[PDB]
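Have a look at the structure below, then the notes.
Numbering (the deposited numbering), first residue to last: 1 to 265, 298 to 861, 895 to 924, 958 to 1530.
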C-alpha cells in the first residue's frame, strides 16, 4: 500500500531527526481518514435520529446561509482539486491512486455535511456535538499537513504550488467553519440560552457571558435572570417523582402493615422508600455525572506522567525537538479537556441536588394539605416548616457529595498506585502522615465547634442586655445610667473576647497543619526513601512527579471524612422526611359533599372524637338543617359546640354515623388567621374583585373606622412587618372574608368574641341578621351571647356532646323544661431562630474547610478596608505580611534545595554518595521545612491577636458612641437597626472578616511564590503575566459583581417559601373549608420556581468562573512548559521539575483567591455600617468644666428666660419664649392643648433638647453652663411609661451601688414594698425578668417612685400616663410625694384636670406660649382659657 502516494507512509524514522516532519502519505491517509471516518460512521445515525422530529422549523437565517455557502465553496475547491489531478494525469505517465481518491472523498463528504447542516434546522440545538466535534477534529488533524506543506514551500521545492495553495485556502475555510460553528446561532423565541447554545458555547458556559456583563453594568433583578427550562419546574419534577414514588410507597406501606399485624398477633412507619424513589426518578442524571466524574478521575493522572516525560526530555540532551512541544501541548490539551469534563459534572451534580430539594419541598407541601389530623398533631408548626427548611437542605447536601464517596476512593487508589510505581514502599510513610493527620483535624474541628457554641450563648446574653438598653434608652438618659450599663456589657464582651481568642488559637493550629502537610509529607517520604537503602537514588523525575501526585492525593483523602459525615446526617434527615410523607391521609368517609339533597346539612347518628382512645367529644347527634335556616347553637363552655363545628368540616375522626353537606362552605374560626399581606388581599382571599360587593362587605362588617385608624386603609400590610391587629379588626376581617367569598353554608364559630356590644349588634344585623347580607345562605351561628337569640331562626342547645333540645326562641321561653334552665344558666357561661441558624452554622463551618480546594461545594471603597486595617494596627499587619513572606521565601528555598538534591544523581562525581552528603541534604531540607513552619505559626498567631484587638476596639467605639447620642437619633432610627448593627456586624467583624482577610493574604502569597519560581527559571515569563493578570482581573471583577447579586436574590426569594408554608400549615382548617387547596399548591410551586431560577443562575455563575480560572492556570502551565522547552539548552531537568510541579498548583489557588475576594467584599460592609455609627453625632459633654457646691439644688429655685426649644434643627419652635419662675417648695402643674408643649418641659429640664433661645437657671446657675451628667443627676423624674431593667432589685433601684442597703430598705419601706419584696426568697437581689412575668404593674410604678424617693433631690419633675392603674396606686403616689417631697419644688405635667386643682400653682401653656400665671385660687376667679378648659 506504499505505492498509494509513490512514497513511503509508515516510516517512523523521519521523526528520528532534528527537523522531523511527518511523511506526506501517512498524513494524507490517516490524518484524512480520522475526521472523515468520524463524520461517516456517525452521520447516518444523526440523520436517522433528526428526520423523525417535530415541525420543519426551517426559519432561514444568516448563520445557516453562511455555513452552507462556505461548505459549498469548499466543495468547489475539492472539485477543482480533482480537475487538477486529472490534468496532471494528462501529463506524467504515472499518478498516485490517492491523488484522485482524496478529492473524490471530500466531494461525497461535503454533500453529507451540506445535508447535516440543513438537518440542524429541524432541531432546537442548532450546532450540536457531532458536527462541531467533527470541525474541531478536522482542524486538529489538518495542522500536520499544513505545517508540512508550508515548511516544504519555503524551501521552494516546486513540488506543487497549486495543490499546496488550494490546501491553504481549504484549511482557511475549515477554520472559518469551526469558528462559525462554535458560535451559538441566532437564538429563537425567548427561551433560556442553555438549550439553544452551541456545543462549544455550552461546554464553556459562554452563554452565561451576557448575564455577567448585564449584572456588572446595573444590578440584576428577578426579571434579569432567565427562567429555568421546563424540565426542572416544580410541577414537572414532582409529577415525575410521584409517578416513581407511589409504587415504592405502597410497597413499603404493605410491608409496614404486615409487620404491624404480625406483631399484634408509634415507632414503625412505611420506611426505606424515599431514596429508591429518588434514584428511580433521577438515574439518567446519576449516570451522566458518574461517567463525567470517571473520565475526569482518569484524566487527572496524565499531567504527572507528562511532567515525568518533560523532565526526562530536558535532561537527555540528545533528544529531538518535536518531542517536548508535543508534551507541552498535550499538557494544555489534557487540562482543557478535564476542565470541561469536571465543570459539566458539577453542573449536572448541582442541578440534580437542586431538583431533589425542589421535589422534596413540593412533596412536603402537597402532603401537609392532606395529612390526617391524628398525624398532624404529632409535629409542631415550627418543626414542620423546619422539616421543609433543614431536612431538604441536608438531603441536597448529600446529593451533591454523593459522587465523591466513590470518586475519592478511585483517586486515592490510583494515587497510591502511581506513587508506589515511583518511590517504592516508602510512599506509605507519606501517605501515613497524610492519613494520621485526619483524626487531628477532627479533634481540632470538634474543639472549634464547642468554643463556637459557648460563644453563641454568651453572645445572646450580651445581645439581650443591649436590646433592653436601647429599647429603654430614655430612662437611662434620665437617671444618668449609661456608665453602669456600659460596664455591664463590657464585662460580657470581655468574656466573649476571651472565647474568641481561644477559637483563634485553634483555628491557627488548623491553618498551620493544613499549610504544612505537603512539605512535611515530602520530607518524610524522601528521607525514608533515600535512607532505607544504599543504591536507592532520588532523581528529578521521582521527586517532582511524586510531589505532584501527593498534591493530587491530599485533597480526596481530606474531603472523605466530611463527605461521609454529610451522608450520615442526611440519613437521619431522610428518616424524618420519609416518616412525614408516609403518614396516612385524612379520611372523608363520614362526611360526603353531595350536590342534590333535601337538607343543606344532615347529621345522621354521628359521634366524633379527637382521639379514639378517649371518649367521643361529640356523642350521638341526629339533626337536619334546610337551606336558609339560620341556626345558633348554644351550650355550656366545653359542651362541644366548637367541637361540633370542627367535626362538621372534617377535622375529627369518625367513631360513628355520618354527615351530609351540599354546596360550598365558608368558615369563620374561633382562632383568627390572617395571612401576610394587605387587608384587601385577605378579604378577597384569592377571589374575583368586584367593587360593589367589596365596599358593601366593608360597610356591613364595620371595617371603615378601622381603616381610618390604620395608616394605609385597606392597604396596610399584616404580619412580617407588624401591625398585630387587635382582636376586633382580626375578627372583622375574617368575617368580611367569609361574607365576600359567597358560599352556600356559613359555619360561624364564635365570631363576636373580641368586639364591643353595639358594634357587635350592628355586625349581627347587617351581616348575619335576617336583613343582613347573608339572608339566603345557610348560616350556623355559634354564640356566647343571648340578645341575638330572640330573632334567630332556630336554636339547638348542646350538652355533654348531645343535643339537649332544638326549637325556636319562643319554645325556649315557653316550654320551661331544660329550656328555661339553660337560658338562665348560660348567662353565667423563636422556635426556628435556634435551629434554622444551626444548619447555617453547620454548612458554613463545613464548607469553610476549603484547604485551597474551595470548589468542593459552596454556599468596595478602599476607605472601609483602611478603617478596618487601621483598627487592627499597622505594625501588626506589617509583621503579619512580613512573616508570611518569610514563609514563602523559605518554601522557594526548599524547592530550590530539592532541585539541588535531585541534581547530585547526574553529577555522580564520587563525593555525591557518601553518607555525610546525604545526611547534609536531608538535614537542610528538614531545616527549611521547619523554618517555613515557624514563620507560618508566627504570622498566623500574630494575625489572631491583632484581629482580636481590632474587634475589641471597634465594638468599644461603637458602644461608647451609641450610648452617647442625642435622643433625636434614637427617635429617627428603629431599635431593630441598632440592635442589628450590634448583632450581625460585630459578629462578622469578630469571626468571618479576619479569616477572610488572612486567607486572601495566603492565596496572594502562594500565587506570587509560584510566579516568582516560574520567572526565576525563565525570566521572559515576567511579560506573559501582564496579559494573564488582565484576564484574571477582568474575570474576578465580573464574577464577583454578578455573584453578589445572585446570592442576594436567592436569599430574598428563599424566605417566602417557608413563610407561605407556615401560613398554610397554621390555617389549614380554613383552607380546607373554603376548598382552596389547588390555589395554594399553585402558589407554592410558583414561589419554588422563582427561587429555583436564582439558585440555578448562581450555579452557572460558578461554572463560568471555574472555566475561566482553569484556563488562566492552564495558560500559566502551558507558557512555562513552552519556555522551558525553548530554553532547555541553558537549564536542567531539576528546574523543569520544580517549576512545573508548582504551576500545576496554580488553579486551586486562583479559585480560592477569587472566592475570598468575593467574601471580603461581602463582609467588609459590616465595618462600613459599624463605622457609620461610630461617627453619629454626640450629645453635649457629660462633664465640661464646672462642679456643684456638693449640692446644686439647695432649695429648688427655677427661673426661665424666654426659653425657645426646637425638636429638630429643621422644624418650627415648639416653645416660643417662655418666661416664668417657680420659687422654692411650690407645686406647679402645667396644662394646655394636646400637642401644645406639655412634653417639651419634662424633656428640656434635663437638657435632652438643647436650647434654641433663652435659658433655664437653677439656683442662680444657668443650665447650659454645667456638665450634662452633672446637671442630669441632681434632678428627679418619674418617666411616662415605667420601664424595668432585667436583673436585680438592687440594680434597678441603684446600679451605681452608691446607696447603702439600710437606706435602700428605708426608701423601699417608704414606697411600701415590704409585703411584695421581702416575701421573695432572695429579697433585694430577687431576679427581675424582662419587665413583666412578675412585679405587677402597680409594683412597677411603685418601684419607680421608690427610685425617685431614694434619689431624693430638691426638684421633682414628673408626668402621668394613664388612669388604667389602680386608684390606690395613684393615691399612694400623691400621699408619698406630699409627705416626703413637700419641701421640694415639684413640676407636674398632666392631661387629666381632676388632679391639678390641689397644686399650689398652675401654668397654662397653649401654642408654645404662656397664658396665665399664679395659683388656681388666683385663676378661678377669672374666666380665661383655663376656665374655658376646666370643669368641662
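Don't be surprised by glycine CBs; every beta carbon is placed ideally from N, CA and C.
DSSP bridge partner residues for residue i (one or two, in chain order)
{"i": "residue 688", "result": "639"}
{"i": "residue 1426", "result": "1385"}
{"i": "residue 837", "result": "829"}
{"i": "residue 778", "result": "698, 811"}
{"i": "residue 565", "result": "In the DSSP output, where bridge partners are listed per residue, residue 565 has none listed."}
{"i": "residue 382", "result": "Residue 382 pairs with nothing; no bridge assigned."}
{"i": "residue 601", "result": "None, per the DSSP bridge assignment."}
{"i": "residue 626", "result": "694"}
{"i": "residue 1314", "result": "1302"}
{"i": "residue 647", "result": "Per DSSP, none; premise fails for residue 647."}
{"i": "residue 1018", "result": "According to DSSP, which records beta bridges pairwise, residue 1018 is partnered with nothing at all."}
{"i": "residue 709", "result": "750"}
Beta-carbon gap between residue i and residue j smaller than 9 Å
{"i": "residue 1092", "j": "residue 517", "result": "no"}
{"i": "residue 599", "j": "residue 636", "result": "no"}
{"i": "residue 673", "j": "residue 631", "result": "no"}
{"i": "residue 406", "j": "residue 643", "result": "yes"}
{"i": "residue 390", "j": "residue 1190", "result": "yes"}
{"i": "residue 544", "j": "residue 994", "result": "no"}
{"i": "residue 1455", "j": "residue 1474", "result": "no"}
{"i": "residue 758", "j": "residue 701", "result": "no"}
{"i": "residue 187", "j": "residue 181", "result": "no"}
{"i": "residue 900", "j": "residue 422", "result": "yes"}
{"i": "residue 1133", "j": "residue 1206", "result": "yes"}
Proximal residues to residue i (C-beta, below 7 Å), its chain only, five neighbours per side dropped
{"i": "residue 311", "result": "318"}
{"i": "residue 378", "result": "1201"}
{"i": "residue 650", "result": "639, 640, 672, 675, 676, 679, 833"}
{"i": "residue 808", "result": "660"}
{"i": "residue 883", "result": "There are no atomic positions for residue 883 here, as the chain continues from 861 directly to 895."}
{"i": "residue 1107", "result": "986, 989, 990"}
{"i": "residue 340", "result": "573, 577"}
Counted within 10 angstroms of its Cβ, other Cβ atoms place residue i as buried (16 or more) or exposed
{"i": "residue 469", "result": "buried"}
{"i": "residue 741", "result": "exposed"}
{"i": "residue 1282", "result": "exposed"}
{"i": "residue 1358", "result": "exposed"}
{"i": "residue 449", "result": "exposed"}
{"i": "residue 788", "result": "exposed"}
{"i": "residue 1537", "result": "Any question about residue 1537 goes unanswered here, given that the chain covers just 1 to 1530."}
{"i": "residue 1264", "result": "buried"}
{"i": "residue 51", "result": "exposed"}
{"i": "residue 1524", "result": "buried"}
{"i": "residue 380", "result": "buried"}
Neighbourhood of residue i by C-beta, 6 Å cutoff - its chain only, sequence neighbours within 5 removed
{"i": "residue 1494", "result": "1327, 1488"}
{"i": "residue 1187", "result": "233, 234"}
{"i": "residue 1284", "result": "1364"}
Beta-carbon proximity list for residue i, same chain, < 8 Å, skipping 5 on both sides
{"i": "residue 908", "result": "425, 429, 924"}
{"i": "residue 338", "result": "359, 362, 363, 366"}
* Check whether the segment 985-1002 touches the segment 1289-1307, counting contact only when three or more Cβ pairs, one atom from each stretch, lie closer than 8 Å. => no
* Taking 8 Å as the threshold, find out whether the segment 1072-1092 comes into contact with the segment 498-511 through three or more Cβ pairs. => yes
* Asked: Quick check: the segment 1371-1383 against the segment 504-514, are there 3 or more CB pairs under 8 Å?
  -> yes
* Would you say the segment 576-594 touches the segment 1014-1028, given that touching needs at least three Cβ pairs under 8 Å? -> no
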